[PDB]
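Report on one structure; see the data block that follows.
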Amino acid sequence: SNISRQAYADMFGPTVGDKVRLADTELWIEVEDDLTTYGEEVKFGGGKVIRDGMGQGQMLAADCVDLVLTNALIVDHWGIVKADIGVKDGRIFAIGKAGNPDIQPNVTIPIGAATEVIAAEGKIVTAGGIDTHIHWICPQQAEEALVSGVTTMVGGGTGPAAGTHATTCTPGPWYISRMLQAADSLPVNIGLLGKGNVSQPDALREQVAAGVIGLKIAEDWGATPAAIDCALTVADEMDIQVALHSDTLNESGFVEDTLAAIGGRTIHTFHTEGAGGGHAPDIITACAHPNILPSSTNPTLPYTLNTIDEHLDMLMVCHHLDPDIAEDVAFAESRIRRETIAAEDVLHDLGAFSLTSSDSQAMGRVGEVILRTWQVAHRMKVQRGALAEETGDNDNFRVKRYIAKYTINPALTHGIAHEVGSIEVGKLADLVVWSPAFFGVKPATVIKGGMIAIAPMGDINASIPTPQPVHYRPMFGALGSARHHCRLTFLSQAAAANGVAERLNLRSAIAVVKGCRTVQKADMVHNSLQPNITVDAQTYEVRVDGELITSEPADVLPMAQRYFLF
Amino acid sequence: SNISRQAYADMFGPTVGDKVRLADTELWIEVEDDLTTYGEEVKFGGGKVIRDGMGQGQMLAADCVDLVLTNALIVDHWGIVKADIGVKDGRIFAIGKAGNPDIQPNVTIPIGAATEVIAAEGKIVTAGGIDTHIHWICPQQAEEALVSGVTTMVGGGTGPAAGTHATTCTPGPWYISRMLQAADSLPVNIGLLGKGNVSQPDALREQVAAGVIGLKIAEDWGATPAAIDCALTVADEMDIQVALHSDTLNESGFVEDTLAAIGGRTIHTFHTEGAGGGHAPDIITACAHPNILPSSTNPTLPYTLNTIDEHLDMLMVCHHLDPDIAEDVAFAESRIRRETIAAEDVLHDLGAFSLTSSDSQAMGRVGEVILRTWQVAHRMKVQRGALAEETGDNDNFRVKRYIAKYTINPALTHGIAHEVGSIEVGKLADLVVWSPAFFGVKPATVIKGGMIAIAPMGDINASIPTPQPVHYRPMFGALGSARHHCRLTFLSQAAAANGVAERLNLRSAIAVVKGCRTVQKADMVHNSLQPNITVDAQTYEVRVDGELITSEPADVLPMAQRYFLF
Amino acid sequence: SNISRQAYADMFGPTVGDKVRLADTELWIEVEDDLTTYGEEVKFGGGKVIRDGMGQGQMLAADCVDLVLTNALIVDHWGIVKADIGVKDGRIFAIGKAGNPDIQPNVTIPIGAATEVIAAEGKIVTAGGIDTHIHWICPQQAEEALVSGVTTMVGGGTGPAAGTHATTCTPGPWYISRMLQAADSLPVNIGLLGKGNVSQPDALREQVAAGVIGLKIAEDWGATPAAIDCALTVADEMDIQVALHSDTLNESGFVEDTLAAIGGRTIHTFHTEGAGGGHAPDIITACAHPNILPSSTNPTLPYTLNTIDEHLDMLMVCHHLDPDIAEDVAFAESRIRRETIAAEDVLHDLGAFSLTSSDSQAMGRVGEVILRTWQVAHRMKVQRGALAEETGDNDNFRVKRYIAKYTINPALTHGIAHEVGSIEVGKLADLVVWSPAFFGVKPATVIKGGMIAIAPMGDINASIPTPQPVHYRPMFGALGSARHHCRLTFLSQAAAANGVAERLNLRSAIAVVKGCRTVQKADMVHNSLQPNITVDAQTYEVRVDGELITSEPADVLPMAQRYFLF
Amino acid sequence: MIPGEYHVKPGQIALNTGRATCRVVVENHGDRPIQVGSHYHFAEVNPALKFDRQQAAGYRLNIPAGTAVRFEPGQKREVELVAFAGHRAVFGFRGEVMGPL
Amino acid sequence: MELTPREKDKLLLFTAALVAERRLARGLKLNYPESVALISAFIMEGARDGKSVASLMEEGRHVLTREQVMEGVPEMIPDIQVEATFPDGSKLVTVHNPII
Amino acid sequence: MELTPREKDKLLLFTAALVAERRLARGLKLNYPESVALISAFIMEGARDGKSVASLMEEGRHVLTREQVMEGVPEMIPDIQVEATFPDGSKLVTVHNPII
Ligand code: NI
Ligand code: NI
Ligand code: NI
Ligand code: NI
Ligand code: NI
Ligand code: NI
C-alpha cells in the first residue's frame with residue numbers, strides 16, 4: 001500500500017534521504033542506501049513478520065544465520081546504509097535482506113528455526129573499537145573499555161608496577177606467558193606488546209617467540225637510535241609491529257636523528273603530538289612520512305579550556321618524575337605546548353593523524369577513545385565547516401574519516417585487520433548497537449563474537465528488563481567457556497608455530513598477526529595525508545606549507561554533562 | 001528424665017502436635033510425626049552430644065554420612081515431619097535418626113569423623129524450587145533465583161536480544177552449544193529449551209541433538225497448528241517436553257483448534273490463565289484436559305488491587321508491541337481480563353492448575369515464584385477456608401498441595417524428577433533451610449549438591465558470622481570446580497548419546513531427561529483436577545460445572561512490606 | 001659527587017643509621033645495613049637509570065630477573081636492611097645490588113629486557129603473612145586476608161555450617177576433595193585441616209590421604225585423651241601437624257591430663273591463653289613445654305578497655321551455646337579471665353607465645369592478625385620499655401621478634417617453611433609492600449608468586465592510577481590461570497603420592513608439607529622461651545618464677561581510628 | 001500475630017524411657033570446676049570426681065541431650081545415670097574400655 | 001537484614017537519587033541520569049507509603065518540569081519504569097512522558 | 001582512601017540506614033530491614049564518637065520503640081550485632097532485645 005515517511009521511520013528506522021543527528025553534537029548523517037524491499041521488511045514481536053512459514057523458513061541450521069540484526073543503520077568507513085546483518089559462526093555472514101526465500105523476494109540472509117533475532121530498527125550499528133595503546137595497569141580496564149564500545153585491546157603491562165605505569169611493556173617470557181593466560185578471563189580480544197628497548201636482537205626474538213604481537217619502544221627504558229634500530233630489525237624479520245615513544249630530552253639526538261634511525265621502516269608512533277611523550281617540541285613532524293602510522297592519545301582530544309591546567313601533574317605521576325627536581329619539572333613542561341595541542345585537532349580533520357587511542361591510566365582515559373574522537377569531529381565542523389570531500393548536505397564523509405580512526409586503521413596498523421576492524425563478511429562479529437541519542441557515549445548492546453557480552457540491564461527481579469536501576473552488567477558472552485569461544489588472543493606467527501597456545505594451555509580462540517611490515521601511511525583509510533609540516537623551535541608554531549595550523553579551545557562539549565552522573 | 005514441651009521446642013524445635021505459623025501468613029502447619037527417640041536427639045556445640053564416642057562413632061567414611069542436618073522440620077509433598085537428614089555423595093541418603101550406633105538406639109544415619117553438621121533445630125527444610133519458565137535475558141537471574149530458594153532453572157535464551165525478551169528459546173546448535181558452556185558458570189541446575197516453531201522436523205531434531213531438553217512454541221514465532229503438530233511429533237520420538245504459548249490473536253483458529261492440533265499428546269501449557277499469552281479469552285479451558293500440564297506465571301499471583309494497572313505496559317515492552325498501533329494495543333488489552341485473573345487463584349486452590357513459574361523478565365519476577373505461591377495459599381485460606389481434604393486443625397494439606405507446585409510437579413513435567421524435585425533418598429541434595437519467620441521469603445541456607453552455595457553472611461572481618469551488614473553472599477558450593485561438581489546440566493538422551501558433553505567439554509555433572517511423553521494431569525501430585533470449565537466469550541466469566549469461579553483482589557499481602565528494604 | 005642525607009632519603013629511601021616510625025605507633029626501626037654502592041642506585045622513570053645500555057643490560061631472559069623491587073627497606077626476622085630484591089620464576093632470586101654488570105659495580109641482580117620494575121624506594125617490604133587458624137565459613141575471607149597482607153591461609157571448614165562455625169575442620173574425603181577444588185579459585189596459598197576427633201586411626205588416615213595437611217582436635221567434637229592420642233599417633237606416622245583446642249570443661253581431666261595424653265609429641269596449641277578455648281583456667285601453662293608450639297587468636301590482642309565486655313556473646317554464638325541454659329553460660333564465663341588476658345601480652349613480648357593468628361569469624365578477625373600483633377608490640381614497649389636484647393637506640397629486635405610471629409613461625413609449625421614464611425632465596429615470591437605511614441594497616445602492593453594480586457586502585461577511567469576513589473581491587477595475579485600458576489595448594493606427602501592432584505584435577509601449583517613432627521619450641525625464631533609459669537586456680541593469677549605477670553588495658557591504640565572509615 | 005510463631009501444645013516429654021538407671025553420689029575433689037555432658041561415659045570422667053566408677057560402667061547422665069551437670073570444687077551431689085544402648089560398645093573418652101560393655 | 005541482590009541494587013538507585021536531589025537543591029538543571037534517578041526514587045517511596053500504582057503513574061509526571069532539566073533531556077526520557085514493594089507485593093509503575 | 005573490603009561493606013549498612021532514617025522521619029512504622037539498619041548505624045557512629053562497648057549495649061535499646069515499628073518486627077529481632085572501630089580497635093557490640 002502506501003505509508004508516510006515519518007510513520008515508516010517510526011516503525012523501521014530512517015531510510016534513504018533521512019538524516020540523523022549523532023547524539024547531541026552538530027554532526028548529521030544521511031542514509032545513503034537502503035537494501036530492503038519496501039513492504040517486505042522483517043520485524044519481530046507478537047503478531048509480527050518473523051514467524052514460521054512467513055518471515056522465517058524451513059531450512060536447516062547450516063542454511064540460515066544464527067543471529068540477525070534487523071533494520072540496522074550501519075555506519076562504517078565504507079558507507080552509511082540501512083540493511084539487515086546476518087551473523088553465522090560468530091562471524092559476519094552478510095549485509096543484505098533477511099527473511100524467508102519461500103515467500104519473500106531478494107532474501108540474501110535466510111532466517112530459520114536456528115536464528116536468534118536482535119531488533120536494530122532505529123539503532124545505529126558500528127564495528128567494535130580497537131585501542132592499540134593499552135597499559136595493563138589493572139584488569140578492570142577491560143570492562144570499562146568494553147562498555148564504551150571498544151572490543152579489542154592491544155598493549156602491555158604486568159599490573160600496577162612502575163614499569164607498566166609508564167610504558168606499554170610486558171617484559172619477558174615469564175610475564176608474557178602469565179599475561180597470555182590471564183587474558184582468557186577478559187571479555188575482549190587481546191594482543192600483547194613486549195619491551196623492545198634492547199640492543200641485542202636475541203632478547204627481542206625470545207619475547208616475540210613467547211607471544212607478543214609487537215614491541216614497545218618507550219623513552220623510560222631508553223629510546224636511543226641503537227635500541228630503535230634493533231627493534232625494527234627483529235620486527236622486519238618476524239612480521240610484528242613497533243610502537244614508538246621517542247626521546248623527549250633530545251638526549252641521543254633530535255627528531256631527525258630518530259627518523260634517521262628508523263630508516264624508512266614501518267613504525268607506529270604513539271601520541272604523535274607530543275604531550276604524552278616524544279622529542280620536544282617537534283615530534284609532531286613525524287606525520288609527514290610514508291612509513292609512519294601516527295596516532296593520538298586521548299587527553300588532548302579535543303583542545304578545551306581545561307586541557308593545559310590538568311596536564312602537568314598527570315605527566316609527573318605517570319612517568320615517576322620529581323617536582324623537587326628542577327630537571328624533572330622542566331622535562332614535564334617541555335612536553336605541554338598549547339601550539340601543538342591546538343594543531344592536533346586540525347591534523348586529525350585533514351587526515352594527517354590516522355588513529356586515536358587511550359593510553360589507559362598513563363596519560364589517557366580507557367573509556368573515552370570513541371567519545372573524544374567524536375568530540376574532535378564536532379569541534380572541527382563547528383570551526384572549519386564542511387570538508388572538501390563532502391558531497392550532499394551532511395557530514396557523512398567526516399563521519400567515515402573519523403570512525404576509521406578507532407576501527408579499521410588501528411587494525412591495519414597492528415596486522416589484525418584480517419579478523420576485526422570493520423563490518424565486512426568473514427570478520428569476527430564484534431558489533432556495537434547504539435541508540436542515536438547516545439551514540440558514542442552509552443551503547444545499547446555490545447556483541448562479542450556473535451554473543452552479547454555486556455549491555456544495560458535493569459532490575460533483575462523485574463517483570464521486564466527495563467525498570468530501574470539500569471546499569472551495565474556482564475552477559476553470557478562474558479562467562480567462562482562461552483567467553484573463551486567468543487574472544488581472540490592474537491599471537492605472533494612464531495609463537496603460534498612454537499605451540500605456545502598448547503603449552504600455556506590457552507582456552508580462547510587464537511588469531512595470528514600478519515602484514516605489519518607492509519602497511520604505510522597510504523593504506524590508512526580516509527587518513528593518508530602526508531603534509532609538509534614544520535614546527536618553529538622557539539615558538540612551537542605548527543605550519544603546513546607555511547600556513548599556520550591552529551584551533552580554539554572549547555568551553556563546553558557535547559557527550560559530556562548531559563549523559564554522566566559524575 | 002522429663003522436660004516440658006516448651007523447653008523441648010526451644011532446644012530441639014517443635015515436635016508432634018506443635019503448630020508453626022508460616023512467616024506472617026495465616027497458614028499453620030502441624031508436626032505430623034517425629035522420627036527421634038526422646039533424650040537421644042543429637043545436638044552440636046561445645047559440650048553437646050555430637051562428640052567422639054558419644055553421638056559420633058568410629059566408622060570409616062564409607063559407613064557414615066558426609067553431612068547431617070539435625071532436628072529438621074521437613075515440609076514436602078509427602079509429609080510434614082520432624083527428623084534428621086543424612087546426605088552422602090551429594091545425594092539424600094536417609095531421613096531418620098542420626099547418631100552413634102555404638103551407644104544410641106534406632107540410629108539410621110551414622111555420624112562419624114567424616115561427617116559435617118548443619119543444625120536445623122527450629123528450622124524448616126524443603127527441597128529446592130524448580131522454575132520451568134526461565135528467559136535467559138541475563139546471567140544475573142541465576143543468583144536472584146538461588147537466593148529465593150529455586151535450585152533448578154529451565155528455559156531458553158541467548159541474552160538480552162529481542163527473541164529471548166519475548167520467548168524462552170535458545171535458537172539452534174550454535175547458541176545451544178554456547179549456552180550449555182555458559183551454564184557451567186552458574187550455580188543452579190540448568191536445562192535448555194530450543195525454538196520449536198518450525199514445520200520441518202529436521203530443524204527440530206538438530207536442536208534436540210544439540211542438547212535442548214524441550215521445545216518452546218511461542219506465538220511471537222508463530223504458534224500455528226502446523227508448527228505445534230511438528231514439535232509434538234519430534235517430542236514424541238525424542239522424549240522431550242513441549243512448552244506452549246498459544247495463538248492469542250485466534251489467527252489460525254480458536255483454542256479448540258489448538259487443542260485439536262495437539263491431538264491428545266502430552267504438553268506443558270505456560271501461563272494457562274492467559275495474561276502472559278494464549279488464545280483470547282479462553283486459553284484457561286486447557287486445564288480440563290488429561291494431556292495438559294498447566295502452570296501459571298507469577299505476576300497475576302495472587303489477585304491484588306494493583307495487578308491490572310501494572311499489566312498493560314509490561315505486556316507491550318515484553319512482546320515488542322507499538323502503542324501507536326491500534327491493533328497492537330487491542331492485542332495487549334485482549335489478554336488482560338480481571339475475570340480469568342480472579343479465577344486462576346481458585347483453580348490453583350482446587351488443584352486444577354498444577355505449577356507456578358516466573359517468566360523471568362518477560363512478564364514475570366524471577367525471585368518471586370515461592371513467595372507468590374504462598375501468597376495465593378494465604379489468600380485462598382482467608383477467602384475459602386479449609387480444603388475438603390484437610391484433616392485436623394491445620395493447613396497441612398493445603399501446604400502439601402502448594403509446595404508441590406514449584407517442586408515435584410515441575411520436575412515430573414520436564415522429566416527430571418528422577419534427579420530433583422523432592423526430599424527423597426537418592427535424589428540430588430538441593431535443600432533449602434528456612435527460619436519459620438522468613439519461610440518462603442529469605443532462606444537461612446541454600447544447599448546445592450551437598451554443599452552450601454549461598455547464604456546470608458555478615459561482616460567478613462567480624463569475630464563471628466552474625467554482625468551486620470548481613471546480606472547474601474556466594475559460598476564454596478558456587479566456586480569454580482566445586483560448583484561444577486555440585487550442579488547438573490540436563491541433556492536430552494540424544495545429545496548424551498552423541499557425546500555433546502565431551503565435544504563442548506562441559507565440566508559439570510550431566511543428567512538426562514526421560515519420561516516427558518508419559519506424564520499426564522493425573523500424575524501431578526495433589527493437583528490432578530480436570531474440571532468441566534467454561535469461559536463466556538462476551539463476559540469472560542469462568543465457570544466450573546456452571547457455578548461461577550471468582551475471588552476478591554487483595555489490598556495487602558503477607559511476605560511483602562515487612563521483609564523488604566525496597 | 002656529594003648529596004645530603006635528607007635529599008638522599010627523599011630520592012632513594014632511608015639508609016644506614018636513619019630511623020623510621022612504624023605507622024602511628026611508638027616503634028622505630030633503624031636501617032642496619034645498605035647493600036648499595038652510592039651513586040650507582042637504580043631508579044626507574046623518564047630519563048632515569050634503568051634504561052638500555054645503562055642500568056639495563058643485553059642479557060637474555062635466563063640471565064636476568066623477571067621482577068626487581070628497587071631500593072627496598074626489608075624488614076624480616078633476619079634483618080632490617082636496605083637492598084634491591086630480584087624475583088625470578090615466581091621465586092625470590094636474590095637480595096643485593098641490581099643493575100647492569102656492563103657498566104656498574106657489584107651487580108648481583110641483573111636487569112635486562114625481560115625485567116619488570118617495581119619501585120620500592122621509601123617503602124618497607126615484608127614477606128606475606130601466614131594465618132594458621134582459618135575457619136572456612138565463607139570464601140570472602142581470602143580477599144579480606146590478602147588485602148591485610150596475609151598470603152597463606154591454613155584451616156578447615158565447608159562453608160557456613162555449624163561444625164565450621166565452631167571448629168577448623170573439613171570433615172572427610174568428600175568435603176576435603178570439594179574444598180581442595182574450590183581452593184583453586186582463591187588468591188592465597190591454602191592448606192586444609194581435617195577433623196581429628198576420633199579414636200579409630202583409619203578414620204584419620206583416610207582424611208590425610210584425601211589431602212589435609214594437619215588434623216584439628218576441637219572440644220566441640222570431644223577433645224578427650226583417647227581422641228588426642230589417636231590423632232598424634234597418625235600425625236607421627238604421616239608427618240602432619242596437630243592443632244589443639246583442649247577440654248575447657250575439665251570433663252575428661254585437667255590440663256595436666258591433656259599434657260599427659262600428648263606424651264611429649266609435637267603439637268600446635270590454638271589460643272593458648274584460653275578465651276577462645278581450652279582447660280579453665282590454666283591452659284596457658286602449656287607454653288612451658290618444649291613440644292608445644294603456642295599461638296594466640298586475635299580478639300584478646302592487645303588487652304584493651306572493651307575486650308572483656310565484647311567477649312561473652314561472641315563466645316555464645318561461636319560455639320552454639322544457650323544463654324537460657326545455666327551450664328552453658330557458666331562455661332562461657334569460665335573462659336573469659338582478665339588475669340590471663342593481661343598476661344598474654346607480656347608472654348608474647350618475652351617470646352613465650354610464638355604465633356599470632358585470627359580464628360576467622362569464630363572468635364577472631366580475619367583481617368586483623370598483622371594489625372593486632374603490632375598493637376601488642378606498641379603497648380608492650382610503652383609499658384615495659386626496651387627488651388633485654390635490644391642494642392642501639394631502636395626497637396629493631398622487638399620488631400624481629402614480632403614479625404616472626406605471623407611469618408616464619410607459622411611456617412615452621414605447619415611444615416611449609418620450605419616454600420614460604422620469609423624473604424629468603426628460593427622461597428615463593430609472596431611479598432607485601434608498605435608505605436611507612438600505613439605499615440601493618442593498608443598495603444601499597446600485595447605480590448603473590450611474582451605477580452601483583454591485589455592493590456589499591458583509583459578511578460579506572462582516570463588519566464593515571466591515583467585519582468579517587470582508591471580502594472582495593474583484584475589484579476592479574478588473581479585471574480583465572482595466572483592465579484593457578486601463582487598460588488600453592490599444600491598437600492600431605494601421602495595425598496601427593498596417591499595422585500590426589502591428578503584425580504581431582506587441581507589446577508594450581510602443588511606443595512607438600514614436611515617436618516611437622518620435628519619442630520619444637522626451641523625452633524621458634526626469637527620466640528623460644530619456656531617459662532616456669534603457674535596459674536592460681538582460685539584467682540587465675542599468672543606467675544612466672546613466682547613473679548606476677550600482668551599489664552594494663554589500653555584506652556586508645558595506634559592503627560585504629562586514624563585509618564578506617566568505619 | 002508474630003511471624004513464624006510456635007503453638008506448642010502443653011505437657012511434658014519423658015526422656016530415655018524403658019532404660020536402666022541408677023543414682024550415684026559424686027564429689028569433686030579437684031581444685032578446678034568440672035562439667036560433664038549428657039552423653040559422656042560417666043565411668044571415665046575426670047579422675048578428680050570421686051564416686052563408685054564401678055557402678056557407672058556403661059552409663060551416662062539421665063539428662064536431656066545437650067545439657068550438663070557442673071561440679072564446682074568440693075561440690076558433692078547425687079546424679080541419676082541411664083545405661084548406654086545401641087551396641088553398648090564404648091570407644092574413646094579416657095580409653096579405659098575401648099570395646100563392648 | 002538478609003539483603004537479597006535486588007534490595008542491594010535498589011540501594012544504588014536511592015544513592016544516585018541523593019546526588020540529583022542535592023544538585024536540584026542548588027538550582028542546577030538536572031541531566032539525563034540525575035532526572036531518571038530522582039523520579040524513580042520518588043516512586044519507590046510512594047510505594048513504601050502505600051500509594052497505588054495508578055496514583056504514582058500520575059504523580060510521577062509532576063516531579064520535575066521541563067525548565068528544571070537540561071536541553072534535550074525531556075525527549076531522552078519517553079517513560080520511566082521502576083518496581084517497588086507495595087502493601088500488596090512488587091508492582092511495576094510506568095510513567096509516560098514524566099517531564100513536561 | 002585505600003578502602004578495604006570491610007569498609008566498603010559498612011558503606012552498604014550506612015546507606016540502608018539513610019533509607020530507614022528518612023522513612024521514620026515521615027512517620028512510617030519501620031519494617032525488619034529498616035530497623036536493623038537504623039539501630040546498627042547508630043552503634044557505628046557511637047564507636048566513632050568514642051563511646052564504650054558497655055554504653056552502646058545499653059543505648060542501643062533506646063533507638064526505636066515498639067510503637068515505631070510494624071507488627072511482629074520486635075520479635076524478629078532478638079538481638080543486633082555490629083562491629084566498628086573504637087579508639088581501642090574493632091569491637092563487637094551486641095544489643096539484646098533492642099526494640100521494647
Ligand atoms: Ni608514551
Ligand atoms: Ni603509554
Ligand atoms: Ni509466553
Ligand atoms: Ni515467557
Ligand atoms: Ni578453638
Ligand atoms: Ni577456631
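Simple scheme: letters A, B, ... for chains in C-alpha cells order, numbers from 1 for residues in each chain, numbers from 1 for ligands in the order shown.
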Non-local contacts of range 423-432 of chain B (10 Å; only C-alpha atoms; under 3 positions in same chain excluded) as a count of residues only: 53
Cut-off 6 Å, only C-alpha atoms and all ligand atoms, neighbours of ligand 6 as a ChimeraX atom specification: /C:167-168,359,362
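Inspection of the environment of ligand 3, which uses only C-alpha atoms and all ligand atoms and a cut-off of 7 Å, identifies the neighbouring residues as residues 167, 218, 245, 270, 271, 276 and 277 of chain B.
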Contacts of residue 33 in chain F within 7 Å, only C-alpha atoms, excl. fewer than 5 positions in-chain, as an mmCIF file with C-alpha atoms, in the first residue's frame:
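Final output, selection.cif:
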```
data_model
loop_
_atom_site.group_PDB
_atom_site.id
_atom_site.type_symbol
_atom_site.label_atom_id
_atom_site.label_comp_id
_atom_site.auth_asym_id
_atom_site.auth_seq_id
_atom_site.Cartn_x
_atom_site.Cartn_y
_atom_site.Cartn_z
ATOM 1 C CA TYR B 563 10.643 -8.109 54.895
ATOM 2 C CA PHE B 564 11.952 -5.902 52.079
ATOM 3 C CA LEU B 565 14.031 -2.714 52.254
ATOM 4 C CA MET E 1 18.926 -7.680 57.335
#
```
Expected selection as an MDAnalysis selection string for ligand 4 within 12 Å, only C-alpha atoms and all ligand atoms: (chainID A and resid 463:464) or (chainID B and resid 131:137 154:157 163:169 193 216:220 243:246 269:272 274:278 295:299 315 318:319 357:366)
